[PDB]
Every structure is written in structure tokens, then in C-alpha cells.
Amino acid sequence: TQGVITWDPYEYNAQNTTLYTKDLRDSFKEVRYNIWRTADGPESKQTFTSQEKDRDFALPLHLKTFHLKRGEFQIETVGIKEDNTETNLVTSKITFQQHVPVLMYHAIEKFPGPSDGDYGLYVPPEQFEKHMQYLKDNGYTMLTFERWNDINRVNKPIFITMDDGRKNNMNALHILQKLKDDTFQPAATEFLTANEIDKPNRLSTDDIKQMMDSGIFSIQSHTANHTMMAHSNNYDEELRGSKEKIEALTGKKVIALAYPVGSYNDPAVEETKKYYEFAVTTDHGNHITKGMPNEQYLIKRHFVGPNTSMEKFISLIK
Ligand SMILES: [Zn+2]
């Protein structure tokens with residue numbers, strides 16, 4: 001209950017910092033740091049002692065000691081005076097941002113086409129189950145934006161997203177429901193294009209109530225009319241109106257957007273910012289929180305489709 005823990009600024013992808021303890025009224029000869037990874041968690045713990053003083057008990061921390069695993073780390077400090085008595089100083093948290101892949105699916109059906117959409121949109125149910133089982137077999141934690149803050153608090157975080165709200169997405173629910181067990185708790189996000197709800201080949205209101213009632217799905221916005229936002233300025237109908245339509249259906253808060261076609265620019269982000277906490281793109285790559293401005297409205301996603309080999313799929317979620 002005494003003092004405060006500070007550290008040296010680092011960049012998002014850095015592996016090292018020097019953290020030091022400050023503002024103690026009593027005078028100490030050394031400080032002991034008890035540090036552990038929130039995910040692993042307290043049972044895994046490592047102690048480092050800074051006999052180093054004059055420089056506020058600086059400690060050079062490098063993730064190599066933690067095997068370069070990343071995320072949130074907890075720090076407990078205890079001060080040892082000239083008399084060898086011990087005093088509990090303060091608890092802190094330091095975070096080293098972790099990469100999170102976000103997979104973009106669309107239809108979970110065998111291609112019947114052309115019909116609705118191109119072949120690239122249609123992952124057969126068997127392929128999708130193989131992906132989901134792989135995440136089950138390799139200890140992935142599936143997250144949605146209600147749990148955004150946990151990416152640095154869990155092992156192997158991953159977001160599984162689906163765009164458009166196509167009716168064959170109920171096959172995805174069943175696939176997830178059947179893999180649901182005491183060990184594996186699945187979560188996914190569905191982005192509805194609002195004005196297509198209860199249209200042919202789109203999820204029904206009952207479809208959504210079911211997906212919502214399983215505890216697996218987060219229901220979010222895909223715009224009202226699958227509009228390309230960089231080329232539109234009807235923000236009100238497409239951003240705000242879409243959100244309120246879904247919200248009036250679900251009864252749950254809508255906080256995330258997925259730009260149709262991946263189309264966006266600065267004015268559309270500034271307008272998205274007014275109505276959403278997160279927005280997701282089709283920009284290729286993993287997501288990392290780098291500290292960039294508005295970066296939570298430009299989240300990078302991976303395209304997964306019928307021609308995605310398992311080997312490549314695996315390379316994506318590495
Ligand atoms: Zn779409």
C-alpha cells in the first residue's frame with residue numbers, strides 16, 4: 001500500500017523494459033519483484049530482486065525469462081530495509097501486446113452456386129468443423145468484442161467472425177454447439193446486414209434468438225444495406241440505423257462493425273467512431289494493439305475460404 005511501479009517506455013513489439021519502483025517513504029536496501037503471466041497464471045511466478053538502488057530500484061526485464069510469451073503480467077513488490085524486515089509495497093500490471101488472428105468467414109455451406117455469392121464465400125461445413133476442432137485441440141480461447149480486454153489475459157486468443165448473416169450460418173452454430181464441452185467454450189461474432197434480416201437465405205429472427213440463446217454468438221453490424229462506406233455519406237442510415245435495428249431485435253448492445261467489401265476511409269472511420277467501439281476490416285494480417293490512433297476501427301482480418309489449405313489455415317492462426 002506504498003509507492004508506485006513505473007517502467008521505461010517500450011514499443012508494442014518490444015521484448016524488454018526496465019521497470020523501477022518509486023515514491024516509498026521508508027528507505028530500503030533492496031526490492032523484490034514477483035512477476036507472473038495472467039494467463040498461466042499465479043502458479044507460474046518468477047522472482048527478481050533489485051539490489052540496484054540510487055536509480056529507484058531499476059530492474060531490467062526481458063521476456064526471454066518468460067519464453068517470450070506475451071500478454072498481461074502482474075507485479076508484486078516487497079521492500080527490504082537495512083534491518084532485514086520485509087514490507088509489502090504495491091501491485092501493478094504491465095502488458096506486452098499479443099497478436100490476435102481474426103478469421104473472416106462467410107457462408108458455412110457447400111457451394112450451390114452461383115446462386116447467392118461467389119464460390120469463395122462458401123466454406124463447406126466439414127472444412128469449418130476441421131478448423132474449429134483444430135482450435136479445440138490446440139487450446140485456443142475464442143473471443144468476441146464483449147471480451148476485447150481479455151486478449152492479453154488468455155492463451156492463444158482468436159476471433160472467429162462471419163459476415164452478412166446468411167441462413168446457412170446456423171450450420172456453424174450446430175458445429176460449434178457439438179464441439180462445446182467442459183474443456184472447450186466456443187465464441188464467434190456474426191455481422192448482420194440489418195435490412196436483410198428475415199430476407200430469403202438470411203438468418204431469421206428466430207435463427208438469431210437461437211444463436212444468441214446458445215451463449216456462443218455475438219450479434220453485430222454489417223451496415224444496413226451492405227454499403228461501401230468509403231463511397232457513401234449516408235452515415236446515419238447505414239451506421240446508426242443499422243446498429244439500432246439489430247439492437248431492437250437482439251435486445252443486446254451492438255458495439256462492432258465490419259465494413260462491407262472492406263471499404264473504408266478517414267471520414268467513414270470518424271463517423272463509425274460515433275456509433276461503435278470496434279470496427280473490423282478485410283485488411284490482411286493479424287491484429288496487434290500498436291497504440292495507433294483509431295486502430296480499433298481498422299482491425300485486420302484473414303480471408304478463409306474453400307481454397308484455403310489446412311496448412312495455410314494453420315499458418316494463419318500461428
Ligand atoms: Zn459482406
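All ligand and atom numbering here is 1-based and tracks the order in the structure. All values below come from the heavy atoms of this structure, side chains included, with hydrogens, waters and symmetry mates left out. Numbers here simply count residues along the sequence, with the first being 1.
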| Candidates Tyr264, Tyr276, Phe278 - the one meeting ring pair (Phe, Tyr, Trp, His ring centres under 6.0 Å) with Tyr259 | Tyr264
| Quick check: does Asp163 put an N/O/S atom under 2.8 Å from the Zn ion (ligand 1)? | no
| request: Give a yes or no on whether the ring-centroid distance for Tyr235 and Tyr275 is below 6.0 angstrom. | output: no
| message | Taking backbone and side chain together, does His226 place any N/O/S atom at a distance below 2.8 Å from the Zn ion (ligand 1)? | response | yes
| message | Ring-plane angle category for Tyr140 and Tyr134, please: parallel below 30°, perpendicular beyond 60°, tilted otherwise. | response | tilted
| task | Starting from the Zn ion (ligand 1), look over the N/O/S atoms of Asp164 and name the nearest one. | result | OD1
| query | Parallel, tilted or perpendicular for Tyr119 and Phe111, by the 30°/60° rule? | reply | perpendicular
